[PDB]
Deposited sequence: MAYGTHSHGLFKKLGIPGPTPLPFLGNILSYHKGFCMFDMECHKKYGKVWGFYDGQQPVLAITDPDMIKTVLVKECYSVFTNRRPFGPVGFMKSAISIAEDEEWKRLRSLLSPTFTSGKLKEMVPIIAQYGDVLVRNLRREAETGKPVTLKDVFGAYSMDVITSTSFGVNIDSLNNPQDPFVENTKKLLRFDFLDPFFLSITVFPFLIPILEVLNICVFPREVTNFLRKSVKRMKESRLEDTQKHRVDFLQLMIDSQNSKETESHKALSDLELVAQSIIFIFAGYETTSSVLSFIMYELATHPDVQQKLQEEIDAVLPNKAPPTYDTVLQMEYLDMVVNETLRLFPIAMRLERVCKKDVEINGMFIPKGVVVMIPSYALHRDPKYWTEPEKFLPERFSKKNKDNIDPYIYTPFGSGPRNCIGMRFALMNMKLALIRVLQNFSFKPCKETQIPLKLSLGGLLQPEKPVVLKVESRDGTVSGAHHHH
């Protein structure tokens, strides 16, 4: 048949686009995720409904409901995310753990992310602020446009190794065949490439793949890491890794893989967006570059706290994310039958939350296409609704590495700005771009001219 749930958002009354027999609505994804989420916002109003193959997906918007699913019933009903491809042992990674397994793993690794262990960690990261700048000499010193994610990938990689395991290398070009090479390969998934597009229409295909040990995390890489943490529990007997020292032994390898997975590519992608918004906005760059020099007496190493008080930095961050919430949705699975401010939702239904849309809904933002931080200064800062600006989600299952991500990103900008300036040039294609893949990302990679500030 192929149309199981296709008559749920007529009969229950929710509006929406109308499915084809086996595909449902996936053909809308040629725009990518965002655009379909917008277009439907305009169209079917404040709540709507659609089918990813025959998985029925319900969008929401009113913050009151958002909160009731994202914070409130959160343990009761609405705890797991949607399952995806064959996951194998990464089944026990915290982002993919469900229900009580998740509750266990959460409050356990929470301690690992407490500020404290973070300020304990900043010195390590600072270290790769210098390394990043030294090797950005030889991109400027060679006066040729500069591909940013190439330089920020190595920075993430460098910070990802050290914080996660201890291994302290300058992958940043240079020693680029140790260990860099597995991590280099842990790339975020494109849920619009033909593999997952298949699996969505063919959910029954997943258990099949399960058996053939086919797994969505490249086994080459998982094997390697699984034996690297082997090597180390041992060696050390005579850092997130050590930090984790019931929590299972071979569960630890799942988390630390996931910590790399989430951290590596998102950090370098956001970072290079920021440096896109400080070209053709040298006016923001200035307020910041100056803001910096004032907190950091002409070149001075950033500290944990020098960071937290730089809240024009903190402003450029938040607005950059406003535009580019890398997880263009938060998405939660309805445990069971439940009603949420008069709207009722049946078991097995995906409750979705169009973050990137919301983050441009002319209702909570104005001239909402504009890069302009002053939304995030006090006087604008705290009028806008927490369940609308959700770039790390909200409620128990938010980004457990939020502060860390933010710490580490700022930490990088400071050392960068406080030495350099970033202006357009050839290929710095000024419109903006934006992939029609299922990853939120440029399309053409952002490349800039980088002129040294006296050096």
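Asker: Which bits of the deposited sequence have no atoms placed for their C-alpha?
Answerer: No C-alpha for residues 1-2, 241-247, 255-266, 477-485.
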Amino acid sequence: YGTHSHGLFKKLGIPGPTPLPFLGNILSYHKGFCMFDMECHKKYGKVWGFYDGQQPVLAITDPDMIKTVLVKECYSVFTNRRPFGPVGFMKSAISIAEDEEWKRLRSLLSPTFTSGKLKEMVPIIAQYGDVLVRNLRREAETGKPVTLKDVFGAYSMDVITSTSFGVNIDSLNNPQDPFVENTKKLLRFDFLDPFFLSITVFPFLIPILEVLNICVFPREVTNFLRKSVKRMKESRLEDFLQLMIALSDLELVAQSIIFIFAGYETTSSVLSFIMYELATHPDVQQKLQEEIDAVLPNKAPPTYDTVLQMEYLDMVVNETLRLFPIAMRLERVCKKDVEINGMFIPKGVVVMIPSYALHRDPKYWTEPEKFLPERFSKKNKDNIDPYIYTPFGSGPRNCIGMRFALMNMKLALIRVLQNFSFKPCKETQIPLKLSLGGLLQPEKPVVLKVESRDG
From here on, numbers count along this sequence of modelled residues.
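What we label the rigid core is the largest C-alpha set whose atoms superpose within 1.5 Å from one form to the other.
Asker: Comparing against the shown form in 6 other deposited structures of this protein, which stretch has the larger RMS C-alpha deviation after a rigid core superposition, 171-179 or 88-96?
Answerer: Between 171-179 and 88-96, the one lying farther away in 6 other deposited structures of this protein is 171-179.
Asker: Return whichever of 204-212 or 346-354 has the larger RMS Cα deviation from the displayed form in 6 other deposited structures of this protein, where every structure is aligned on the rigid core.
Answerer: Once the cores are fitted, 204-212 deviates more in 6 other deposited structures of this protein.
Asker: In a third or more of the other entries compared, is residue 237 missing its coordinates?
Answerer: Across the compared entries, residue 237 is left out in at least a third.
Asker: Of the other entries that cover residues on both sides, do at least a third skip residue 293?
Answerer: Across the compared entries, residue 293 is modelled every time.
Asker: According to the deposited model, is the average Cα temperature factor higher in 427-435 or in 15-23?
Answerer: Comparing 427-435 with 15-23, the higher mean C-alpha B-factor belongs to 427-435.
Asker: Comparing 154-162 with 343-351, where is the mean C-alpha B-factor higher?
Answerer: Of 343-351 and 154-162, the stretch with the higher C-alpha B-factor average is 343-351.
Asker: Per the PDB entry, which option out of 320, 173, 267, 200 has the greatest Cα B factor?
Answerer: Most elevated C-alpha B-factor of the set, per the entry: 173.
Asker: Looking at the C-alpha B-factor values in the deposited entry, which of 272, 366, 213, 92 comes out highest?
Answerer: Comparing C-alpha B-factors across 272, 366, 213, 92, the maximum falls on 366.
Asker: Within this chain, which third does the Cα B-factor at residue 249 fall in: lowest, middle or highest?
Answerer: For residue 249, whose C-alpha B-factor we compare with every modelled residue in the chain, the answer is the highest third.
Asker: If you rank the chain by CA B-factor, which third does residue 35 end up in: lowest, middle or highest?
Answerer: Its C-alpha B-factor, which the entry lists for residue 35, ranks in the middle third among residues of this chain.
Asker: Would you check the entry's CA temperature factor for residue 86 and let me know if it's in the chain's lowest, middle or highest third?
Answerer: Within its chain, residue 86 is a lowest-third residue by C-alpha B-factor, going by the deposited values.
Asker: Quick check on the deposited entry: does the C-alpha B-factor of residue 194 sit in the lowest, middle or highest third of its chain?
Answerer: It falls in the bottom third of the chain.
Asker: What third of its chain, lowest, middle or highest, does the C-alpha temperature factor of residue 415 fall into?
Answerer: Answer is middle: the recorded C-alpha B-factor places it there.
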